[PDB]
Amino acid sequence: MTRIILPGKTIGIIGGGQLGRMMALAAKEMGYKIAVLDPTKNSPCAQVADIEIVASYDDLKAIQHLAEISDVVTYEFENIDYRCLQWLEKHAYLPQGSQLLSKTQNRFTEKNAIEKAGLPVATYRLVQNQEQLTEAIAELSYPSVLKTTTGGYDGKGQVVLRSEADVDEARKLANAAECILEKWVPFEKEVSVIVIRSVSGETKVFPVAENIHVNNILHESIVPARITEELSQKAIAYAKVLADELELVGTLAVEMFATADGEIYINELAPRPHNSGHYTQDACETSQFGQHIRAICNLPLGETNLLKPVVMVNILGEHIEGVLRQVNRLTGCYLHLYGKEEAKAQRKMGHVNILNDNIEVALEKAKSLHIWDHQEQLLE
């Protein structure tokens, strides 16, 4: 379409977490008003929003209320059910649509969609009962990984199978939920690419980021990713094909495995701004949040050039004390805090973007701060 949502209009956001907040901040710079729906009062996004609706995500009356006061609707919360999605796409303006969301919510459906797009993933099998598990183990051998098709996050609902000794735990998981078995990919680095596509079909792709997870939570994103030119260009090419084949509108985070000998496998997709793209706030010509707003409002997209190398480091509840105490050591460090009321140990409270001409110096800065010693030790 050529449908444009002009500055001055209201953008409605389903989900009031940090992703919503950062969307709202970028939209405010451009003169947009913001409405947000979230089940808890005073969410990070509500602190920036003009209008706040406190309600469950599955409350259709409240979704309708959000839509009826918004000129365009988007989401950070992905688990919107079909009845709400169909209503939104037909009776509100939801340029992102429902089709991509439905593919990314189920690991089996997601992998099917990626292969149909022509892109490589780990060899996988659907597991709906004990016999399918047995057949899958015999076909894919060891090592392999069993994951729940839905609801899985932070490595939960996941069993790695290294030998027959692991089968018992795998059977327990498969007893409890629909699963997929994937062949274990021996990779060197986990990487991600944020890709943007506007309503009118303009596309932009951000640089490849190298992602380091510790205890199933992202710790650092490094840009440029420390991978060969071959791996880099391949990752970017794959992300574009995905955007094109999936008919993306908005933002798509493509998480990948990169092997020593130059292969990329697509691991999973997120149809929203993503933690591995927070680096863009300080290091790129446009942030993933500014791009997201432009894409859904059908404005011309900004450029995605990396202006300075960067290390994004996540700030969890366990880190917030150390961050405030070390505040006067934060030279070259660009702090972002989400305004969450309560710190919980593993809850994401913010992040810091460490900019430097040299990635290793940025990495050394994170270390020398001694805030993430816990994460550092687990990596050692």
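Numbers for residues come from their place in the sequence shown, where the first is 1.
Set 294 to 302 against 238 to 246 and average the Cα temperature factors; 238 to 246 ends up higher.
Taking the mean C-alpha B-factor of each stretch as recorded, 60 to 68 and 330 to 338 are not equal, and the higher mean is that of 330 to 338. Highest CA B-factor among the listed residues (29, 321, 38, 50): 321. Highest CA B-factor among 108, 75, 184, 289, as stated in the entry: 184. The PDB entry assigns residue 124 a C-alpha temperature factor belonging to the middle third of its chain's modelled residues. In this PDB entry, residue 95 carries a Cα temperature factor that places it within the lowest third of its chain's modelled residues.
Ranked by Cα temperature factor within the chain, residue 54 sits in the middle third according to the deposited record. Ranked by Cα temperature factor within the chain, residue 220 sits in the middle third according to the deposited record. Among all modelled residues in this chain, the alpha-carbon of residue 198 has a temperature factor (C-alpha) in the lowest third.
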